[PDB]
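**Student:** Quick one: the structure is below, and I'll ask about it shortly.
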Amino acid sequence: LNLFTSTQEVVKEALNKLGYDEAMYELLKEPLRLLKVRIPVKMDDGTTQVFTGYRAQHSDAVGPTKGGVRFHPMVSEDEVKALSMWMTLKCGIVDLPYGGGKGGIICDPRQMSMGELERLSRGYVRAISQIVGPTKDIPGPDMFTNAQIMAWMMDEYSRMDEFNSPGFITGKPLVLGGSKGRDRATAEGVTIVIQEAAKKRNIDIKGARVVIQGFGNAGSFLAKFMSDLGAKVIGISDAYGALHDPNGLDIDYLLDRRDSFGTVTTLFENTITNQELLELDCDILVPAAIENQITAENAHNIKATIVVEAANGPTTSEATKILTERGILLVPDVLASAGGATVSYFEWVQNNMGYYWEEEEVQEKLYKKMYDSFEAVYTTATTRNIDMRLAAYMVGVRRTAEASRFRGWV
Amino acid sequence: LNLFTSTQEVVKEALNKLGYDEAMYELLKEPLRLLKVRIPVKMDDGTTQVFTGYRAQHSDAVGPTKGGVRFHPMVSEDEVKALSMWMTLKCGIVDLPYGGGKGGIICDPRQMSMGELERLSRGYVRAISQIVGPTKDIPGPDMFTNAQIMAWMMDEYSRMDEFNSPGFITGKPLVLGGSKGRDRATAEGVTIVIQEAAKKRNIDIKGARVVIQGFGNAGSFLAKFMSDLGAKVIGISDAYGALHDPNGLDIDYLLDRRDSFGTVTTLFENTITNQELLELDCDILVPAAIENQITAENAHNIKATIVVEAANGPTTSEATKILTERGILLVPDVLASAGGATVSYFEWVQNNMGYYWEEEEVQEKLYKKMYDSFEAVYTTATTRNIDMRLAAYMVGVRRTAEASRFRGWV
Amino acid sequence: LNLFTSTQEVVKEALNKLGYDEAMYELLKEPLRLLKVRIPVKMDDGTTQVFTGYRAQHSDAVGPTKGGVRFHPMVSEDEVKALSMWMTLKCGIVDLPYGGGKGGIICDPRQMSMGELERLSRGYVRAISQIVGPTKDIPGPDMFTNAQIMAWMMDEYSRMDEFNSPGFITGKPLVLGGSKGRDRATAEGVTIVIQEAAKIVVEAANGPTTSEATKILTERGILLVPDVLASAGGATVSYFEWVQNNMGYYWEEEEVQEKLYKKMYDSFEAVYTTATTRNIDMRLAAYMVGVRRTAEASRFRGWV
Ligand SMILES: NC(=O)c1ccc[n+]([C@@H]2O[C@H](COP(=O)([O-])OP(=O)(O)OC[C@H]3O[C@@H](n4cnc5c(N)ncnc54)[C@H](O)[C@@H]3O)[C@@H](O)[C@H]2O)c1
Ligand SMILES: NC(=O)c1ccc[n+]([C@@H]2O[C@H](COP(=O)([O-])OP(=O)(O)OC[C@H]3O[C@@H](n4cnc5c(N)ncnc54)[C@H](O)[C@@H]3O)[C@@H](O)[C@H]2O)c1
């Protein structure tokens, strides 16, 4: 179950199918740089608490590295190293001039005050500033970090520099150089990939039977988005149960009666199980709940033409192979959710020029990137007769392998 | 700064204006009981996790205490204490035979399965059963809890009793003794207070000018209600702007353009600002969005005869003094939102009798309870020449202080 | 033939058409608790006779259980089990906060004296008291039991409690907390399903139609009102006696009548709807409305 060694296997199988040699795996199986730091913080009670921080930079062969920072009690070195590698793949799937980066601090932010989080954000930037910046390694928001933390981190970096460096970090508030169209960008990308998968199977959304798992932020918005496309949303589900209407659920009713924590099954008596919801006959199954939802146990039972992953990691390895050889078009999470990294990149470009796009322009620019990435992965999947996940990994890693070779590193 | 100490300040000022001694505040400033439990739960991986739970019972002078149980990572002992005191004030305002209670468990329900939450729910009932029950302390839903969690807790308690105790806990499924007429109880309650405030100012609702700020859950509901009663809803808003039509905005058409975050403004961009929305001349202004919308800078320029808080804290203290000085009838949020507690109470009564009311009967009784509360707070404010928020507080504490004296506790 | 297996298949068909799976039938096909007792009674000639008694509590997922007590030479464990399950269904149809219960003593009341019957009635309450009472299991009259039997069992329970618990047992005399409108109740129930049948065959509560005759009558577009629905006035007024006992407040015949009509009204439009929207006979639609609430409760509470 170890993430990092599992991530290495992803890189190894993709470099190996691309035809690169053992030397190339050895170069890419670990970050080029990993910086571990100890950040003293003056806490609100006057004691100094010392926090462990990490910043991984996987490969900068293609450009500066990119990836967010998370504040979690369970952050580890192996976690940060693995996710920096996943960032490399995410950037390449959508063709950014970026290698993968990642940072983490071991702390419980929910147990710290405003002033403590700011002082820890500043001390983090102080601790790593020698290897980061607009041209080296660009952090961004992640678990338990948000625009205010990006704003403190930017101010600290810019004071050290003696000038404004908004391109240091992405996810900034608008007034600090943030990018319009940033909040919806991941979900909008799932919307493009859904509509692009539908064309590949010549499935008209209007009247198509679609079931989505989950009814929180991702699931609310995806059930509403397909209901307004005229599609029939015959199933939605909760942590507590699921709903099924062969004629299509009244999404606007559920939407109205849901509570602020993504639950709505609870109001209802007639209720079906999540496991039965996944096995419903439908055109588009969209898992938007949680991981390991389609497994070797139900992979032969799901009868959807298209499965777009909105949750992270909802299909297991053996289930992915079972789905592809049943003809099902599986769009992997690492492609479906690439809208967030793409708009991070747009923010950094705006900071480089000093000129800022309108929302309609970011959307236009965001749409083509997704439309183009989907086609790159789909074409690699079908040309090489592989599942779209491995094809996505291959598209994800090949720029870094090509650049590493050209620059003389292998 | 802090909610508990801020809640202590509210109880102190109310008891002071009612005329009690310093002893009465010494009795009421902290809950009579506070139970902190540790709950071990078997997790799905087989390990054991030990969770922290709290149950606060503010004052049982008037009857058993009443209040919900929240499952949140940010639950704290001071928060549970302070909210129990708020439940006393609520139960007082609407004249229930209850005192204030509340619970909380420090967990992240988002990282827990359905089985983990059930076992935690049963372990919490087990851990506090000695001091709660139909006649002692009656819990209910709150943040991250729901009718399924109430069903589990009611089952655990009944198992412990060796007989069915539906009145232990409210928010139950109907098949386990919950109340009809519950789902929109809080929103119906604001609707009653708006109409009753309107008749005080001798305003015909059937042609009145209504401005609502916010267009999510509450704003969308209030707007359709006012639209139906014949009111002209001349303004609505969301986070991105506001719409204005002097003759009525056509709510049914707007409720169809909603995007699942409760946004409608982006589609028009012949839009007015939130600031201007709030100062439009009208009869009934209803801030049903965020907080601190009516402030010292705002309040001199609001033009509504009546302001009904349908969100928590949208009017500041400075602003509250001003609207009272300008002769605007302000309905505080602690009063306008009391319908959820009222219908909680009706579920408990029906449990006591073993007899259950139709939707219509629950509605009739809810109206009379909300009218009587509005009338009681209006008479305290008008008789003492004070603002309605301080009057609401005073009605809310009055019964507990009168009962505490009568039973000899002070 | 055997009432019990016959009733198990009734539950089985209704559960399966409502969509639950086998585990709900496994929970609901036998009672959660069945208590068999031996009651020593002193007879008039100074001898001791020992009697067998049963109490069946089918399911309390919805609330305390409810059903009558019969004194009969042919009382049997299977009869008592099966009849408590019919109580679940009768309560479900009128939408009562009750599960099904039933009890019986194997005895010949006609060959017993008044004194003997009282000493038996008391020994029954003492035998089963640990699992009965106004919040757990509420008995009542049935074959060869009546108000006087109920008064003796109520008095024995109260004595054991050290306080009056009228809510223990229904069919009590008025002066002991019984309900007005009771003697008419079951008859009025039929009188009311007849009247809503207007907007037509109404059964006589024993079980007078065979499986195939209900198939022929329904396929001929003739409306049928099953026994388990039309007889439900008795269970309804029973519930009203309990609620009045819970309050300590007692209604006039007029009000007991208004509330009985409303209940039989809704119970007819629930079975009628269920037969029209699913194109089934009303008897099967009645078993479904009867077992529905108990099924959903067992599911919410975590039992299956
Ligand atoms: N916009 C996107 O598509 C997007 C972006 C980022 C992440 N995600 C992923 O989507 C998933 C949900 O994200 P979110 O913001 O909607 O979360 P959320 O917490 O707001 O909503 C989660 C939903 O999943 C349900 N759920 C939880 N456990 C479940 C279970 N075992 N079975 C079924 N349903 C269950 C919850 O009850 C709720 O309805 C996560 O895996 C996350 O990584 C999606
Ligand atoms: N999850 C939590 O921690 C949490 C916290 C507070 C409340 N809640 C719950 O959330 C629900 C809130 O109901 P609601 O009716 O407020 O719905 P909502 O939050 O779904 O929508 C609120 C509306 O206000 C709008 N809005 C936001 N900022 C605005 C601004 N500055 N000016 C004008 N409009 C603005 C939103 O766009 C939307 O139209 C309640 O159930 C409440 O108990 C949850």
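We label chains A, B, ... in the order they appear in the structure tokens, count residues from 1 in each chain, and number ligands from 1 in the order shown.
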Please extract the residues of stretch 144-237 of chain C with a backbone DSSP assignment of strand (DSSP E) and present them as a ChimeraX atom specification.

**Tutor:** /C:201-202,224-225

**Student:** At a cut-off of 10 Å around ligand 2, and using only C-alpha atoms and all ligand atoms, what residues come up? Please write them as number ranges by chain.

**Tutor:** A: 255-262; B: 72, 74, 142-144, 186-187, 212-222, 236-242, 258-265, 273-275, 277-278, 287-293, 310-312

**Student:** Hey, which bits of chain B sit within 7 Å of chain C, and for each residue what's the closest pair of atoms and how far apart in Å (one decimal), counting only C-alpha atoms, rows by chain and increasing number, as JSON lines?

**Tutor:**
```
{"residue": "B:148", "atom": "CA", "partner": "C:300", "partner_atom": "CA", "distance": 6.4}
{"residue": "B:151", "atom": "CA", "partner": "C:301", "partner_atom": "CA", "distance": 5.5}
{"residue": "B:152", "atom": "CA", "partner": "C:301", "partner_atom": "CA", "distance": 5.4}
{"residue": "B:155", "atom": "CA", "partner": "C:301", "partner_atom": "CA", "distance": 5.7}
{"residue": "B:163", "atom": "CA", "partner": "C:136", "partner_atom": "CA", "distance": 5.4}
{"residue": "B:164", "atom": "CA", "partner": "C:63", "partner_atom": "CA", "distance": 5.8}
{"residue": "B:175", "atom": "CA", "partner": "C:297", "partner_atom": "CA", "distance": 5.9}
{"residue": "B:176", "atom": "CA", "partner": "C:62", "partner_atom": "CA", "distance": 5.9}
{"residue": "B:353", "atom": "CA", "partner": "C:246", "partner_atom": "CA", "distance": 5.7}
{"residue": "B:354", "atom": "CA", "partner": "C:243", "partner_atom": "CA", "distance": 6.0}
{"residue": "B:355", "atom": "CA", "partner": "C:243", "partner_atom": "CA", "distance": 6.5}
```

**Student:** With distances taken over only C-alpha atoms, which residue among C:223, C:35, C:44, C:7 lies nearest residue C:113?

**Tutor:**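 With only C-alpha atoms as the atom set, the closest residue is C:44.
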
**Student:** Give me the residues near stretch 137-141 of chain A as number ranges by chain, where near means some atom within 9 Å (using only C-alpha atoms) and where sequence neighbours in that chain fewer than 4 positions away do not count.

**Tutor:** A: 57, 60, 63-70, 99-103, 131-133, 145-147, 149-150, 167-172, 344, 348

**Student:** Determine the nearest neighbour of chain A from the options B:203, B:87, B:96, B:117, counting only C-alpha atoms.

**Tutor:**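 With only C-alpha atoms as the atom set, the closest residue is B:117.
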
**Student:** Smallest atom-to-atom distance to chain A: which of B:21, B:269, B:360, B:118, using only C-alpha atoms?

**Tutor:**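 Looking at the shortest contact to chain A, the residue is B:118.
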